[PDB]
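Presented below is the structure to which this report refers.
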Amino acid sequence: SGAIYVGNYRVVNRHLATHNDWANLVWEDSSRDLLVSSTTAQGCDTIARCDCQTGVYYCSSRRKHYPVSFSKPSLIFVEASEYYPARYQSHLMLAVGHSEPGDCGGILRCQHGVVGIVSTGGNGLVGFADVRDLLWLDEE
Ligand SMILES: CSc1ccccc1CC(=O)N1CCC[C@H]2C(=O)NC[C@H]21
Ligand SMILES: [Zn+2]
């Protein structure tokens, strides 16, 4: 589990969104595994606006933050899981690292801010849904 809290937005994995998220929906995209809902309180996270390929992510199944090198956002075939059939996720970045399903939501960050959230994994790879192209998270 986990979310990004920027401005009056809450960014979560679409597959982990709650009824309150869906009842206060701003935007969702199943191909990216992302959903954004509105919040009453303002958040403290800042979104990175960059092309970094190195950063640090939180792994809840290890209670640890790990430094990683990750790929540029791309269209990756991802194997079937409990929440999705086997399909080609978009805007996904891969790194070598440990993950189990409940680590979805952990933040990946660089020197500029939040880069994305854990979305997939398997065989020692972890997959992050990028948010750096969602410029509208910075306003309104
Ligand atoms: C961070 S999500 C994760 C991490 C480690 C293991 C599994 C998951 C998610 C998950 O349920 N599956 C099904 C089993 C095969 C895996 C794969 O290659 N793609 C999806 C993935
Ligand atoms: Zn950066």
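Ligands are numbered from 1 in the order shown, chains are lettered A, B, ... in the order of the structure tokens, and residues start at 1 in each chain.
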Using only C-alpha atoms, which protein or nucleic acid residues come within 10 Å of region 83-86 of chain A? Drop anything in the same chain fewer than 2 positions from it, and give the result as a compact mmCIF listing (two decimals) with C-alpha atoms, in the first residue's frame.
```txt
# COMPACT_ATOMS: atom_id res chain seq x y z
CA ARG A 14 -5.63 2.02 -9.53
CA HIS A 15 -5.93 -1.61 -8.33
CA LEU A 16 -5.71 -0.46 -4.64
CA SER A 30 -5.94 1.23 -16.23
CA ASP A 33 -2.25 1.30 -13.03
CA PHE A 77 4.51 -6.81 -21.08
CA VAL A 78 3.67 -7.69 -17.44
CA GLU A 79 2.62 -11.25 -16.35
CA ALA A 80 -0.87 -11.92 -14.98
CA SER A 81 -1.48 -11.14 -11.32
CA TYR A 88 1.37 -4.59 -21.69
CA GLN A 89 1.44 -1.93 -18.88
CA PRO A 101 2.19 -7.46 -4.14
```
Once you count only C-alpha atoms and all ligand atoms, which residues end up within 10 Å of ligand 1, and could you hand them over as a ChimeraX atom specification?
/A:59,77-87,97-106,117-128
Q | ligand 2 neighbours within 9 Å using only C-alpha atoms and all ligand atoms, as an MDAnalysis selection string | A | chainID A and resid 48:55 109:115
Residue selection dump (N, CA, C and O atoms) as a PDB file, in the first residue's frame:
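File part_32.pdb, as written:
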```pdb
ATOM      1  N   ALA A  48       9.041  15.073  -9.029  1.00  0.00           N
ATOM      2  CA  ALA A  48      10.235  15.303  -9.832  1.00  0.00           C
ATOM      3  C   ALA A  48       9.864  15.643 -11.295  1.00  0.00           C
ATOM      4  O   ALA A  48       8.947  15.048 -11.899  1.00  0.00           O
ATOM      5  N   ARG A  49      10.597  16.602 -11.882  1.00  0.00           N
ATOM      6  CA  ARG A  49      10.390  16.941 -13.291  1.00  0.00           C
ATOM      7  C   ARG A  49      11.793  16.850 -13.901  1.00  0.00           C
ATOM      8  O   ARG A  49      12.533  17.856 -13.923  1.00  0.00           O
ATOM      9  N   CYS A  50      12.116  15.663 -14.436  1.00  0.00           N
ATOM     10  CA  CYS A  50      13.473  15.240 -14.869  1.00  0.00           C
ATOM     11  C   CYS A  50      13.497  13.935 -15.691  1.00  0.00           C
ATOM     12  O   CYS A  50      12.507  13.258 -15.855  1.00  0.00           O
ATOM     13  N   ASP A  51      14.737  13.513 -16.143  1.00  0.00           N
ATOM     14  CA  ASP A  51      14.910  12.221 -16.822  1.00  0.00           C
ATOM     15  C   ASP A  51      15.888  11.364 -16.017  1.00  0.00           C
ATOM     16  O   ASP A  51      16.582  10.512 -16.605  1.00  0.00           O
ATOM     17  N   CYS A  52      15.906  11.491 -14.656  1.00  0.00           N
ATOM     18  CA  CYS A  52      16.792  10.648 -13.820  1.00  0.00           C
ATOM     19  C   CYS A  52      16.484   9.168 -14.085  1.00  0.00           C
ATOM     20  O   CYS A  52      15.332   8.755 -14.335  1.00  0.00           O
ATOM     21  N   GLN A  53      17.537   8.370 -14.045  1.00  0.00           N
ATOM     22  CA  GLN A  53      17.424   6.920 -14.131  1.00  0.00           C
ATOM     23  C   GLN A  53      18.067   6.280 -12.898  1.00  0.00           C
ATOM     24  O   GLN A  53      18.296   5.091 -12.909  1.00  0.00           O
ATOM     25  N   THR A  54      18.362   7.060 -11.849  1.00  0.00           N
ATOM     26  CA  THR A  54      18.812   6.502 -10.561  1.00  0.00           C
ATOM     27  C   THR A  54      18.015   7.173  -9.438  1.00  0.00           C
ATOM     28  O   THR A  54      17.641   8.354  -9.528  1.00  0.00           O
ATOM     29  N   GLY A  55      17.698   6.380  -8.419  1.00  0.00           N
ATOM     30  CA  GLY A  55      16.890   6.900  -7.328  1.00  0.00           C
ATOM     31  C   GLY A  55      16.808   5.898  -6.199  1.00  0.00           C
ATOM     32  O   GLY A  55      17.648   5.011  -6.129  1.00  0.00           O
ATOM     33  N   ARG A 109      11.923   7.794  -5.595  1.00  0.00           N
ATOM     34  CA  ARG A 109      12.288   9.242  -5.601  1.00  0.00           C
ATOM     35  C   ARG A 109      13.711   9.434  -6.056  1.00  0.00           C
ATOM     36  O   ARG A 109      14.563   8.540  -5.932  1.00  0.00           O
ATOM     37  N   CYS A 110      13.971  10.639  -6.580  1.00  0.00           N
ATOM     38  CA  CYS A 110      15.330  11.034  -7.003  1.00  0.00           C
ATOM     39  C   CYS A 110      15.654  12.357  -6.313  1.00  0.00           C
ATOM     40  O   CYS A 110      14.911  12.818  -5.425  1.00  0.00           O
ATOM     41  N   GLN A 111      16.807  12.982  -6.706  1.00  0.00           N
ATOM     42  CA  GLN A 111      17.177  14.278  -6.130  1.00  0.00           C
ATOM     43  C   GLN A 111      16.129  15.372  -6.375  1.00  0.00           C
ATOM     44  O   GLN A 111      16.107  16.349  -5.637  1.00  0.00           O
ATOM     45  N   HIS A 112      15.266  15.219  -7.391  1.00  0.00           N
ATOM     46  CA  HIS A 112      14.259  16.251  -7.722  1.00  0.00           C
ATOM     47  C   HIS A 112      12.892  16.082  -7.023  1.00  0.00           C
ATOM     48  O   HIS A 112      12.047  16.999  -7.046  1.00  0.00           O
ATOM     49  N   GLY A 113      12.627  14.893  -6.453  1.00  0.00           N
ATOM     50  CA  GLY A 113      11.326  14.640  -5.838  1.00  0.00           C
ATOM     51  C   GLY A 113      10.803  13.243  -6.138  1.00  0.00           C
ATOM     52  O   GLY A 113      11.558  12.344  -6.501  1.00  0.00           O
ATOM     53  N   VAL A 114       9.485  13.086  -6.069  1.00  0.00           N
ATOM     54  CA  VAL A 114       8.834  11.791  -6.335  1.00  0.00           C
ATOM     55  C   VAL A 114       8.783  11.476  -7.816  1.00  0.00           C
ATOM     56  O   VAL A 114       8.341  12.314  -8.602  1.00  0.00           O
ATOM     57  N   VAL A 115       9.265  10.308  -8.228  1.00  0.00           N
ATOM     58  CA  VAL A 115       9.305   9.835  -9.604  1.00  0.00           C
ATOM     59  C   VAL A 115       8.134   8.935  -9.964  1.00  0.00           C
ATOM     60  O   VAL A 115       7.590   9.015 -11.056  1.00  0.00           O
TER      61      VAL A 115
END
```
Strand (DSSP E) positions in chain A, given as a short mmCIF file (atom, residue, chain, number, x, y, z; two decimals) with N, CA, C and O atoms, in the first residue's frame:
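What landed in part_28.cif:
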```
data_model
loop_
_atom_site.label_atom_id
_atom_site.label_comp_id
_atom_site.auth_asym_id
_atom_site.auth_seq_id
_atom_site.Cartn_x
_atom_site.Cartn_y
_atom_site.Cartn_z
N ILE A 4 1.00 8.96 -3.05
CA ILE A 4 1.71 10.24 -3.16
C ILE A 4 0.68 11.31 -2.80
O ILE A 4 -0.45 11.28 -3.32
N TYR A 5 1.04 12.25 -1.90
CA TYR A 5 0.14 13.34 -1.53
C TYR A 5 0.77 14.66 -1.99
O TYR A 5 1.71 15.15 -1.35
N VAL A 6 0.32 15.19 -3.13
CA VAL A 6 0.82 16.43 -3.71
C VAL A 6 -0.34 17.40 -3.87
O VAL A 6 -1.39 17.04 -4.44
N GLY A 7 -0.22 18.61 -3.30
CA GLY A 7 -1.32 19.58 -3.41
C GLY A 7 -2.59 19.01 -2.81
O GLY A 7 -2.52 18.36 -1.76
N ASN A 8 -3.70 19.09 -3.55
CA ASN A 8 -4.96 18.48 -3.11
C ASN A 8 -5.25 17.20 -3.87
O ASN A 8 -6.43 16.86 -4.10
N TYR A 9 -4.20 16.44 -4.17
CA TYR A 9 -4.33 15.17 -4.88
C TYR A 9 -3.72 14.02 -4.08
O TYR A 9 -2.68 14.18 -3.41
N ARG A 10 -4.33 12.83 -4.25
CA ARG A 10 -3.82 11.58 -3.68
C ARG A 10 -3.62 10.65 -4.87
O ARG A 10 -4.59 10.40 -5.62
N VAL A 11 -2.37 10.22 -5.14
CA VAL A 11 -2.07 9.33 -6.27
C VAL A 11 -1.85 7.93 -5.72
O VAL A 11 -0.96 7.70 -4.87
N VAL A 12 -2.64 6.97 -6.20
CA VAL A 12 -2.57 5.57 -5.74
C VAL A 12 -2.53 4.60 -6.89
O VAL A 12 -2.84 4.98 -8.06
N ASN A 13 -2.17 3.33 -6.60
CA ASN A 13 -2.29 2.30 -7.64
C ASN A 13 -3.81 2.15 -7.92
O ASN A 13 -4.62 2.06 -6.97
N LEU A 25 -13.02 11.06 -7.54
CA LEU A 25 -12.08 10.78 -8.63
C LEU A 25 -11.71 12.02 -9.42
O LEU A 25 -12.58 12.80 -9.81
N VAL A 26 -10.44 12.16 -9.74
CA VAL A 26 -9.93 13.22 -10.61
C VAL A 26 -9.57 12.59 -11.99
O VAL A 26 -9.93 13.12 -13.03
N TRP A 27 -8.83 11.47 -12.00
CA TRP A 27 -8.36 10.85 -13.22
C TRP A 27 -7.94 9.42 -12.93
O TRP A 27 -7.42 9.11 -11.84
N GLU A 28 -8.12 8.53 -13.89
CA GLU A 28 -7.67 7.16 -13.75
C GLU A 28 -7.28 6.61 -15.10
O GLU A 28 -7.86 6.97 -16.14
N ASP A 29 -6.33 5.68 -15.12
CA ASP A 29 -5.85 5.06 -16.35
C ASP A 29 -5.40 3.62 -16.03
O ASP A 29 -4.37 3.38 -15.38
N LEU A 34 -2.78 3.67 -12.56
CA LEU A 34 -2.82 4.87 -11.72
C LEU A 34 -4.25 5.40 -11.51
O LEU A 34 -5.09 5.36 -12.44
N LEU A 35 -4.49 5.99 -10.35
CA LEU A 35 -5.75 6.68 -10.06
C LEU A 35 -5.39 7.84 -9.16
O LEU A 35 -4.55 7.72 -8.24
N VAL A 36 -6.05 8.99 -9.41
CA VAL A 36 -5.84 10.20 -8.64
C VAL A 36 -7.18 10.67 -8.09
O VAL A 36 -8.16 10.74 -8.84
N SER A 37 -7.25 10.91 -6.79
CA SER A 37 -8.48 11.40 -6.13
C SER A 37 -8.17 12.75 -5.46
O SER A 37 -7.00 13.15 -5.29
N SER A 38 -9.24 13.49 -5.12
CA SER A 38 -9.07 14.80 -4.47
C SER A 38 -9.02 14.66 -2.95
O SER A 38 -9.65 13.73 -2.37
N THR A 39 -8.26 15.57 -2.28
CA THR A 39 -8.14 15.52 -0.83
C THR A 39 -8.61 16.86 -0.22
O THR A 39 -8.49 17.91 -0.86
N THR A 40 -8.98 16.82 1.06
CA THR A 40 -9.36 18.04 1.74
C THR A 40 -8.09 18.77 2.21
O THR A 40 -8.00 19.99 2.04
N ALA A 41 -7.13 18.03 2.76
CA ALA A 41 -5.87 18.61 3.23
C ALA A 41 -4.80 18.65 2.15
O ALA A 41 -4.74 17.76 1.32
N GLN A 42 -3.88 19.61 2.22
CA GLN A 42 -2.78 19.71 1.26
C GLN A 42 -1.66 18.79 1.67
O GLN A 42 -1.36 18.63 2.85
N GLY A 43 -1.06 18.16 0.67
CA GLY A 43 0.03 17.22 0.83
C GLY A 43 1.40 17.84 0.75
O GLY A 43 1.54 18.95 0.24
N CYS A 44 2.44 17.07 1.14
CA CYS A 44 3.83 17.53 1.26
C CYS A 44 4.80 17.00 0.21
O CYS A 44 5.97 17.37 0.23
N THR A 54 18.36 7.06 -11.85
CA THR A 54 18.81 6.50 -10.56
C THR A 54 18.02 7.17 -9.44
O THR A 54 17.64 8.35 -9.53
N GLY A 55 17.70 6.38 -8.42
CA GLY A 55 16.89 6.90 -7.33
C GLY A 55 16.81 5.90 -6.20
O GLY A 55 17.65 5.01 -6.13
N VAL A 56 15.82 6.05 -5.33
CA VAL A 56 15.66 5.19 -4.16
C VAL A 56 14.20 4.86 -4.04
O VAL A 56 13.35 5.73 -4.21
N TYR A 57 13.87 3.58 -3.75
CA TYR A 57 12.45 3.23 -3.53
C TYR A 57 12.20 2.57 -2.18
O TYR A 57 13.09 1.95 -1.64
N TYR A 58 10.98 2.72 -1.66
CA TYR A 58 10.59 2.03 -0.41
C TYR A 58 9.96 0.68 -0.67
O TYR A 58 8.98 0.57 -1.41
N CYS A 59 10.52 -0.33 -0.01
CA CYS A 59 10.07 -1.72 -0.04
C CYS A 59 9.45 -2.12 1.30
O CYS A 59 10.22 -2.39 2.27
N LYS A 64 12.71 -1.24 4.16
CA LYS A 64 13.96 -0.63 3.73
C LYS A 64 13.77 0.18 2.47
O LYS A 64 12.96 -0.16 1.61
N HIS A 65 14.57 1.21 2.34
CA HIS A 65 14.70 2.00 1.12
C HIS A 65 15.97 1.52 0.38
O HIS A 65 17.05 1.40 0.99
N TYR A 66 15.83 1.21 -0.93
CA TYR A 66 16.95 0.66 -1.70
C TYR A 66 17.30 1.60 -2.83
O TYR A 66 16.41 2.03 -3.57
N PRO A 67 18.59 1.88 -3.02
CA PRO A 67 19.01 2.65 -4.21
C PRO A 67 18.94 1.75 -5.46
O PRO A 67 19.39 0.58 -5.43
N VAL A 68 18.41 2.30 -6.54
CA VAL A 68 18.26 1.51 -7.77
C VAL A 68 18.53 2.35 -9.00
O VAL A 68 18.32 3.54 -9.05
N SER A 69 18.95 1.66 -10.07
CA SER A 69 18.98 2.17 -11.43
C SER A 69 17.72 1.65 -12.12
O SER A 69 17.36 0.47 -11.93
N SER A 74 8.26 3.05 -20.33
CA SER A 74 8.03 2.32 -21.57
C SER A 74 6.75 1.45 -21.49
O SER A 74 6.16 1.30 -20.41
N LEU A 75 6.44 0.76 -22.63
CA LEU A 75 5.32 -0.16 -22.73
C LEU A 75 5.94 -1.57 -22.54
O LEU A 75 6.76 -2.03 -23.37
N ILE A 76 5.74 -2.18 -21.29
CA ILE A 76 6.27 -3.54 -20.80
C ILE A 76 5.18 -4.61 -20.62
O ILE A 76 4.16 -4.35 -19.97
N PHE A 77 5.43 -5.70 -21.36
CA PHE A 77 4.51 -6.81 -21.08
C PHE A 77 4.72 -7.26 -19.65
O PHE A 77 5.84 -7.37 -19.26
N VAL A 78 3.65 -7.28 -18.87
CA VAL A 78 3.67 -7.69 -17.44
C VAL A 78 2.79 -8.95 -17.29
O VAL A 78 1.71 -8.93 -17.90
N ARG A 87 -0.92 -8.43 -19.70
CA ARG A 87 -1.11 -7.36 -20.69
C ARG A 87 0.18 -6.51 -20.74
O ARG A 87 1.08 -6.77 -19.95
N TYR A 88 0.14 -5.42 -21.52
CA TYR A 88 1.37 -4.59 -21.69
C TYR A 88 1.22 -3.29 -20.89
O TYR A 88 0.81 -2.29 -21.51
N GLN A 89 1.53 -3.28 -19.59
CA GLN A 89 1.44 -1.93 -18.88
C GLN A 89 2.16 -0.69 -19.59
O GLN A 89 3.29 -0.97 -20.06
N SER A 90 1.65 0.62 -19.71
CA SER A 90 2.37 1.77 -20.24
C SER A 90 2.98 2.63 -19.13
O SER A 90 2.59 2.53 -17.97
N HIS A 91 3.95 3.47 -19.53
CA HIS A 91 4.65 4.40 -18.64
C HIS A 91 5.28 3.65 -17.45
O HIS A 91 5.31 4.20 -16.35
N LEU A 92 5.80 2.46 -17.69
CA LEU A 92 6.35 1.61 -16.61
C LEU A 92 7.89 1.63 -16.70
O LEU A 92 8.43 1.60 -17.80
N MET A 93 8.55 1.69 -15.54
CA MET A 93 10.02 1.67 -15.45
C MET A 93 10.43 0.45 -14.65
O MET A 93 9.81 0.15 -13.65
N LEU A 94 11.48 -0.28 -15.08
CA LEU A 94 11.90 -1.48 -14.36
C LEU A 94 13.26 -1.31 -13.67
O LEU A 94 14.13 -0.60 -14.18
N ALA A 95 13.41 -1.98 -12.54
CA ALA A 95 14.70 -2.03 -11.82
C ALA A 95 14.85 -3.43 -11.21
O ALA A 95 13.89 -4.20 -11.10
N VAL A 96 16.07 -3.78 -10.82
CA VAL A 96 16.33 -5.00 -10.11
C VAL A 96 16.10 -4.72 -8.63
O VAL A 96 16.76 -3.86 -8.03
N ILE A 107 7.02 4.62 -2.67
CA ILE A 107 7.54 5.68 -3.56
C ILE A 107 8.94 5.42 -4.06
O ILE A 107 9.81 5.00 -3.30
N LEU A 108 9.15 5.73 -5.32
CA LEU A 108 10.48 5.84 -5.98
C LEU A 108 10.77 7.35 -6.08
O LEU A 108 9.89 8.11 -6.56
N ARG A 109 11.92 7.79 -5.60
CA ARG A 109 12.29 9.24 -5.60
C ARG A 109 13.71 9.43 -6.06
O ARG A 109 14.56 8.54 -5.93
N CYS A 110 13.97 10.64 -6.58
CA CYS A 110 15.33 11.03 -7.00
C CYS A 110 15.65 12.36 -6.31
O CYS A 110 14.91 12.82 -5.42
N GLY A 113 12.63 14.89 -6.45
CA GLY A 113 11.33 14.64 -5.84
C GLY A 113 10.80 13.24 -6.14
O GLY A 113 11.56 12.34 -6.50
N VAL A 114 9.49 13.09 -6.07
CA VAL A 114 8.83 11.79 -6.34
C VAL A 114 8.78 11.48 -7.82
O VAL A 114 8.34 12.31 -8.60
N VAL A 115 9.26 10.31 -8.23
CA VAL A 115 9.31 9.83 -9.60
C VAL A 115 8.13 8.94 -9.96
O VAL A 115 7.59 9.01 -11.06
N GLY A 116 7.71 8.07 -9.04
CA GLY A 116 6.59 7.17 -9.30
C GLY A 116 6.31 6.26 -8.12
O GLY A 116 6.85 6.53 -7.03
N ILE A 117 5.49 5.22 -8.32
CA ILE A 117 5.15 4.30 -7.24
C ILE A 117 5.31 2.88 -7.71
O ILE A 117 5.08 2.59 -8.89
N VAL A 118 5.59 1.97 -6.77
CA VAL A 118 5.72 0.53 -7.13
C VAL A 118 4.36 0.06 -7.67
O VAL A 118 3.28 0.36 -7.06
N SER A 119 4.34 -0.66 -8.80
CA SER A 119 3.08 -1.07 -9.52
C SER A 119 3.13 -2.57 -9.84
O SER A 119 2.11 -3.22 -9.94
N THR A 120 4.37 -3.07 -10.16
CA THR A 120 4.51 -4.54 -10.47
C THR A 120 5.88 -5.12 -10.01
O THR A 120 6.65 -4.37 -9.47
N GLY A 121 6.07 -6.45 -10.18
CA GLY A 121 7.33 -7.10 -9.75
C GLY A 121 7.28 -8.58 -10.12
O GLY A 121 6.20 -9.05 -10.48
N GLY A 122 8.40 -9.26 -9.87
CA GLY A 122 8.51 -10.70 -10.14
C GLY A 122 9.92 -11.05 -10.56
O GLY A 122 10.52 -10.22 -11.17
N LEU A 125 12.60 -8.30 -10.17
CA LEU A 125 12.44 -7.00 -10.90
C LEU A 125 11.34 -6.21 -10.24
O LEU A 125 10.38 -6.85 -9.71
N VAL A 126 11.53 -4.95 -10.17
CA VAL A 126 10.36 -4.22 -9.65
C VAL A 126 9.97 -3.21 -10.68
O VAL A 126 10.86 -2.71 -11.33
N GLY A 127 8.66 -2.88 -10.69
CA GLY A 127 8.16 -2.02 -11.75
C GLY A 127 7.49 -0.81 -11.14
O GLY A 127 6.74 -0.99 -10.24
N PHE A 128 7.85 0.37 -11.67
CA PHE A 128 7.28 1.60 -11.11
C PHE A 128 6.44 2.29 -12.15
O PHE A 128 6.88 2.47 -13.29
N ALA A 129 5.25 2.75 -11.73
CA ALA A 129 4.40 3.58 -12.59
C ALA A 129 4.94 5.01 -12.50
O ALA A 129 4.90 5.61 -11.43
N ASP A 130 5.40 5.57 -13.62
CA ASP A 130 5.93 6.92 -13.65
C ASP A 130 4.82 7.94 -13.45
O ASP A 130 3.71 7.77 -13.97
#
```
By how many Å are CA of residue 131 (chain A) and CA of residue 45 (chain A) apart?
->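 CA of residue 131 (chain A) sits 12.3 Å away from CA of residue 45 (chain A).
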### Task
List every residue of chain A that DSSP, applied to the backbone of this structure, assigns to helix (DSSP H, G or I), and report them as a VMD selection string.
chain A and resid 14 to 16 19 to 23 30 to 32 101 to 103 135 to 138
Output the selection as a PDB file, in the first residue's frame - N, CA and C atoms for each residue.
```pdb
ATOM      1  N   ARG A  14      -4.190   2.165  -9.197  1.00  0.00           N
ATOM      2  CA  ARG A  14      -5.630   2.018  -9.531  1.00  0.00           C
ATOM      3  C   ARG A  14      -6.218   0.745  -8.894  1.00  0.00           C
ATOM      4  N   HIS A  15      -5.403  -0.334  -8.865  1.00  0.00           N
ATOM      5  CA  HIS A  15      -5.926  -1.611  -8.334  1.00  0.00           C
ATOM      6  C   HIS A  15      -6.130  -1.610  -6.806  1.00  0.00           C
ATOM      7  N   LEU A  16      -5.565  -0.620  -6.094  1.00  0.00           N
ATOM      8  CA  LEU A  16      -5.709  -0.457  -4.637  1.00  0.00           C
ATOM      9  C   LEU A  16      -6.618   0.710  -4.226  1.00  0.00           C
ATOM     10  N   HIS A  19     -13.286   2.968  -2.111  1.00  0.00           N
ATOM     11  CA  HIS A  19     -14.526   3.584  -2.538  1.00  0.00           C
ATOM     12  C   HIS A  19     -14.442   5.104  -2.424  1.00  0.00           C
ATOM     13  N   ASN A  20     -13.785   5.642  -1.364  1.00  0.00           N
ATOM     14  CA  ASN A  20     -13.683   7.093  -1.240  1.00  0.00           C
ATOM     15  C   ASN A  20     -12.871   7.666  -2.409  1.00  0.00           C
ATOM     16  N   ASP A  21     -11.780   6.936  -2.828  1.00  0.00           N
ATOM     17  CA  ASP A  21     -11.048   7.400  -4.010  1.00  0.00           C
ATOM     18  C   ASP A  21     -11.963   7.497  -5.247  1.00  0.00           C
ATOM     19  N   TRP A  22     -12.719   6.443  -5.531  1.00  0.00           N
ATOM     20  CA  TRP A  22     -13.607   6.424  -6.694  1.00  0.00           C
ATOM     21  C   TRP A  22     -14.742   7.478  -6.575  1.00  0.00           C
ATOM     22  N   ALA A  23     -15.208   7.799  -5.355  1.00  0.00           N
ATOM     23  CA  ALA A  23     -16.256   8.784  -5.169  1.00  0.00           C
ATOM     24  C   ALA A  23     -15.717  10.230  -5.250  1.00  0.00           C
ATOM     25  N   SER A  30      -6.194   2.637 -16.484  1.00  0.00           N
ATOM     26  CA  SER A  30      -5.937   1.233 -16.225  1.00  0.00           C
ATOM     27  C   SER A  30      -4.642   0.767 -16.889  1.00  0.00           C
ATOM     28  N   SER A  31      -4.326   1.292 -18.100  1.00  0.00           N
ATOM     29  CA  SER A  31      -3.073   0.888 -18.759  1.00  0.00           C
ATOM     30  C   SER A  31      -1.814   1.286 -17.979  1.00  0.00           C
ATOM     31  N   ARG A  32      -1.913   2.311 -17.129  1.00  0.00           N
ATOM     32  CA  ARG A  32      -0.802   2.793 -16.297  1.00  0.00           C
ATOM     33  C   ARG A  32      -0.877   2.337 -14.833  1.00  0.00           C
ATOM     34  N   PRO A 101       3.345  -8.322  -3.745  1.00  0.00           N
ATOM     35  CA  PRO A 101       2.190  -7.465  -4.143  1.00  0.00           C
ATOM     36  C   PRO A 101       1.849  -6.231  -3.268  1.00  0.00           C
ATOM     37  N   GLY A 102       1.872  -6.456  -1.930  1.00  0.00           N
ATOM     38  CA  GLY A 102       1.613  -5.385  -0.929  1.00  0.00           C
ATOM     39  C   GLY A 102       2.617  -4.262  -0.884  1.00  0.00           C
ATOM     40  N   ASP A 103       3.757  -4.490  -1.513  1.00  0.00           N
ATOM     41  CA  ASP A 103       4.629  -3.302  -1.663  1.00  0.00           C
ATOM     42  C   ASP A 103       4.125  -2.378  -2.758  1.00  0.00           C
ATOM     43  N   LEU A 135       1.986  16.762 -15.464  1.00  0.00           N
ATOM     44  CA  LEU A 135       2.300  18.127 -15.028  1.00  0.00           C
ATOM     45  C   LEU A 135       1.199  18.786 -14.261  1.00  0.00           C
ATOM     46  N   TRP A 136      -0.053  18.395 -14.549  1.00  0.00           N
ATOM     47  CA  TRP A 136      -1.203  18.970 -13.862  1.00  0.00           C
ATOM     48  C   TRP A 136      -1.225  18.670 -12.361  1.00  0.00           C
ATOM     49  N   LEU A 137      -0.444  17.676 -11.875  1.00  0.00           N
ATOM     50  CA  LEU A 137      -0.418  17.421 -10.424  1.00  0.00           C
ATOM     51  C   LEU A 137       0.111  18.637  -9.657  1.00  0.00           C
ATOM     52  N   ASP A 138       0.895  19.526 -10.337  1.00  0.00           N
ATOM     53  CA  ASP A 138       1.528  20.706  -9.729  1.00  0.00           C
ATOM     54  C   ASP A 138       0.618  21.922  -9.578  1.00  0.00           C
TER      55      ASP A 138
END
```
